[PDB]
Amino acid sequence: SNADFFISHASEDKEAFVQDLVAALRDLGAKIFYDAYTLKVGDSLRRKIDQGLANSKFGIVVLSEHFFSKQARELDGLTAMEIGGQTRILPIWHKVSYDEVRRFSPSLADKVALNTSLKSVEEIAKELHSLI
């Protein structure tokens, strides 16, 4: 577990917010990996999460509109608990509404998480760095 955090995200967010979160956290002296953790349609969240947790202390999942679009009701209880029911995984809500999160997964909407509409990338990096 060399790195402090690994960031799993949708490709559409990688340059815009993942990129600032990575830069801001590195600026504070934290080790982070974002190259291998982009999510593509057909990827297994479980496998990517286990892969990342084998090389890092914690994991970050960027919950944006793109992440939800890319990712079935029957299995929502299983997949949302992989994002929200893990002690070492912290989700970040990015540019999403409570009703959107609830529409994709009722289970996820009430789980404790960071939110970019409440803090700057710098405030989020400082708060994430404290947990380390």
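Numbers follow the displayed sequence, beginning with 1.
Chemist: Count of coordinate-less deposited residues separating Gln71 and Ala72, as none, 1 to 3, 4 to 9, or 10 or more?
Modeler: Missing in between: 1 to 3 residues.
Chemist: Out of 23-31 and 87-95, which one has CA B-factors that are higher on average in the deposited record?
Modeler: So the stretch with the higher mean C-alpha B-factor is 23-31.
Chemist: Can you let me know which of the two, 57-65 or 35-43, has the higher average C-alpha B-factor in the entry?
Modeler: Per the PDB entry, the higher value belongs to 35-43.
Chemist: Relative to the other modelled residues in the chain, which third contains the C-alpha temperature factor of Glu15: lowest, middle or highest?
Modeler: Highest third - that is where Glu15 ends up once the chain's C-alpha B-factors are sorted.
Chemist: By the record's CA B-factor, is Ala3 among the lowest, middle or highest third of residues in the chain?
Modeler: Highest third, going by the recorded CA B-factors of the chain.
Chemist: Taking the C-alpha B-factors as the PDB entry records them, is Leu128 in the lowest, middle or highest third of its chain?
Modeler: It belongs to the middle third of the chain when residues are ordered by C-alpha B-factor.
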